[PDB]
Amino acid sequence: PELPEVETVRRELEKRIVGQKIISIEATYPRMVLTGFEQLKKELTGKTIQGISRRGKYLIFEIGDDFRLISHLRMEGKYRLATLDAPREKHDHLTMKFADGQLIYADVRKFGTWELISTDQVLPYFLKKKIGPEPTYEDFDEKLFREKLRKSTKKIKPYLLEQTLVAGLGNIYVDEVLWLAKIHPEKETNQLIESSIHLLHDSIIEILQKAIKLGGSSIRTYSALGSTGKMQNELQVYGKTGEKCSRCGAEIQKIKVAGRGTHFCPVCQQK
DNA sequence: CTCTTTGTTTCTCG
DNA sequence: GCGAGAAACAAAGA
Ligand SMILES: [Zn+2]
């Protein structure tokens, strides 16, 4: 998932598990806990969930006063709230059990990660990752964004995917954003003019905020605790190879850019 | 049978 | 430093 989908999951967990005492924690795949599973089990059993935050595509569980569990879902990670008697599913890896149910993490590809760190280590953790600003008008400063684009010869799509110019875009929303802002994904960033940078800046904020309002995009695998998003119905290019651009009627094309499948209108997004 | 594709991140190689 | 390619892993389609 990308930022919109992670935020939707964050909001649903906030509503449902805040205030819950963790009775026990179990793993069938303890190796995805990067800080040590038996260590996490010992520290968190008997603690109460106080909050759930997010930074970029990362979930942050706030547990007791001084623990933060940082969870990344990578490509296929999924959480569900289940009854205590729910049967195991094939790709279930970890569970936190409460009095009235359990929070299960599943990940077919085993890419997702958990890391237990202290409250005062959360800010340093994300500085070390080099995560850029959240995609909001208040945090995403167009002036610094412009200056960074000016000095680079990186192609715009790969650069945006790095999470360093702005946090939260992945393959779906980077494609949607570039189509909205009429920029070709292979455009070298130092070639972008000020007015194009301004439309790109605003289009990143607008599309992600729309995706969040609509509960994310459900394409193949995504749902927020069993709830389908509605953003998939608004996609203009991603997965739309061979269909006609809603603006000009040209056929959406798909190419490969830096290892990634890339969907664009060849008329609206001039090379 | 092989080869390609997939909502992420982070490594090696030259 | 960089870009290209690939690994971590599983499943599905051609
Ligand atoms: Zn078009």
Side-chain angles (χ1 to χ4, degrees), chain A residues 1-10 28-30 32-34 54-59 70-77 79 89-94 105-115 125-129 131-132 135 148 151-179 185-186 188-190 204 207-208 210-212 214-219 221-225 227-229 231-242 253-263:
Chain A
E2 301 169 49
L3 183 156
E5 290 73 30
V6 180
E7 181 55 29
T8 301
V9 169
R10 189 208 69 78
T28 53
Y29 191 60
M32 69 161 287
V33 184
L34 306 187
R54 180 190 50 67
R55 181 72 170 94
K57 308 182 188 162
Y58 291 79
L59 276 181
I70 310 278
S71 165
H72 199 295
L73 295 84
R74 300 285 194 101
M75 293 291 288
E76 298 294 329
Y79 284 96
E89 290 174 6
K90 186 171 183 39
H91 299 296
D92 286 354
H93 299 314
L94 311 171
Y105 183 75
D107 196 321
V108 172
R109 300 185 70 187
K110 291 174 165 85
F111 289 172
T113 61
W114 274 18
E115 284 164 289
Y125 174 100
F126 290 109
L127 291 171
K128 186 186 185 321
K129 295 294 174 189
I131 304 309
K148 285 190 175 168
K151 63 194 37 190
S152 190
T153 58
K154 288 172 181 179
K155 295 181 180 163
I156 185 64
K157 174 168 171 171
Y159 204 178
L160 284 169
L161 286 176
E162 284 180 23
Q163 304 303 290
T164 56
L165 298 162
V166 59
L169 297 165
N171 211 38
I172 298 180
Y173 300 114
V174 75
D175 278 7
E176 297 291 319
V177 150
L178 293 174
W179 176 92
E186 292 178 312
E188 289 175 11
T189 70
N190 66 18
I204 290 163
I207 267 158
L208 292 175
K210 185 184 178 170
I212 290 167
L214 296 187
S217 290
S218 299
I219 303 290
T221 56
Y222 166 70
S223 72
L225 295 307
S227 168
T228 333
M231 186 70 176
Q232 67 282 3
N233 302 328
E234 309 288 314
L235 303 177
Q236 299 293 318
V237 294
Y238 180 81
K240 303 302 185 184
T241 311
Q253 305 289 162
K254 181 170 179 190
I255 59 174
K256 267 204 185 290
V257 172
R260 307 300 293 278
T262 297
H263 310 81

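Order of the sequence lines fixes the chain letters, A, B, ..., with proteins taken first and strands second; residue numbering starts at 1 for each chain. Side chains are part of it too, since the values below use all heavy atoms of this structure and drop only hydrogens, waters and symmetry mates.
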* Once you round it to whole Å, what is the distance between P of B/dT8 and CD1 of A/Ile172? -> 8 Å

* **Atom P, compared across B/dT4 and C/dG5: separation rounded to whole Å** => 13 Å

* State, with a plain yes or no, whether a side-chain heavy atom of A/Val108 is found less than 4.5 Å away from one of A/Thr221. => no

* May I ask you to evaluate whether A/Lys129 reaches the phosphate of B/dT9, defined as a side-chain N or O under 4.0 Å from OP1 or OP2? => no

* Asked: What integer distance in Å separates A/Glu162:CD from B/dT8:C1'?
  -> 13 Å

* Minimum-distance nucleotide (side-chain atoms of A/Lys256 versus B/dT9, B/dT5, C/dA8) -> B/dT5

* **Gap in Å between the two P atoms, one belonging to C/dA11 and one to B/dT9, rounded** => 23 Å

* To do: Please state whether the phosphate of C/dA10, meaning OP1 or OP2, lies under 4.0 angstrom from any side-chain nitrogen or oxygen of A/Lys110.
  => yes

* Asked: For B/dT2, which nucleotide in any strand shown is its Watson-Crick or wobble partner with both distances under 3.5 Å?
  -> C/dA14

* Asked: Are side-chain N/O atoms of A/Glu115 and A/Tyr125 paired as donor and acceptor at under 3.5 Å?
  -> yes

* **Closest nucleotide among B/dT10, C/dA10, B/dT6 to the A/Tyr58 side chain** => B/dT10

* To do: Check the distance between B/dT6's P and A/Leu161's CG and give it to me in whole angstrom.
  => 13 Å

* Asked: Please give, in whole Å, the distance from B/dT5 P to A/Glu76 CD?
  -> 17 Å

* Which one, B/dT8, C/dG3, C/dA10, comes nearest to the side chain of A/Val108? -> C/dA10

* To do: Would you indicate which nucleotide in B/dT10, C/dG3, C/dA10 comes nearest to any side-chain atom of A/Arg109?
  => C/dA10

* Asked: A/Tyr58 vs A/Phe126 aromatic rings, parallel, tilted or perpendicular, using cut-offs 30° and 60°?
  -> perpendicular

* Return the value, rounded to whole Å, for the distance between atom CZ of A/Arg260 and atom P of C/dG3. => 16 Å

* How far does the P atom of B/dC3 sit from the matching atom of C/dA6, given to the nearest Å? -> 13 Å

* Structure fact -> To the nearest angstrom, the CD1-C1' distance between A/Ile70 and B/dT9 comes to 16 Å

* To do: Taking the side chain as every heavy atom from C-beta outward, state whether A/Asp175 and A/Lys157 have any atom pair closer than 4.5 Å.
  => yes

* Atom pair distance, as rounded to whole Å: CG in A/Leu59 and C1' in B/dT9 -> 16 Å

* To do: Please determine if A/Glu7 and A/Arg54 form a salt bridge, counting it only when a charged side-chain N lies under 4.0 Å from a carboxylate O.
  => yes

* Structure fact -> If positive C1'-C2'-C3'-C4' means north (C3'-endo side) and negative means south (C2'-endo side), then B/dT5 is north

* Nearest-Å distance once atom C1' is located in both C/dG3 and B/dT6 -> 23 Å

* A/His91 vs C/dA11: side-chain N/O to OP1/OP2 distance below 4.0 Å -> yes

* **Expected output: side-chain A/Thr228 to main-chain A/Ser218 donor-acceptor under 3.5 Å** => no

* Asked: Rounded to the nearest Å, what distance is computed from the CG atom of residue A/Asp107 to the P atom of nucleotide B/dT9?
  -> 13 Å

* Asked: A/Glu2 side chain: which of C/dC9, C/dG3, B/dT8 is closest?
  -> B/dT8

* To do: Output yes when at least one side-chain N/O atom of A/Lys90 is less than 4.0 Å from OP1 or OP2 of C/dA10, else no.
  => no

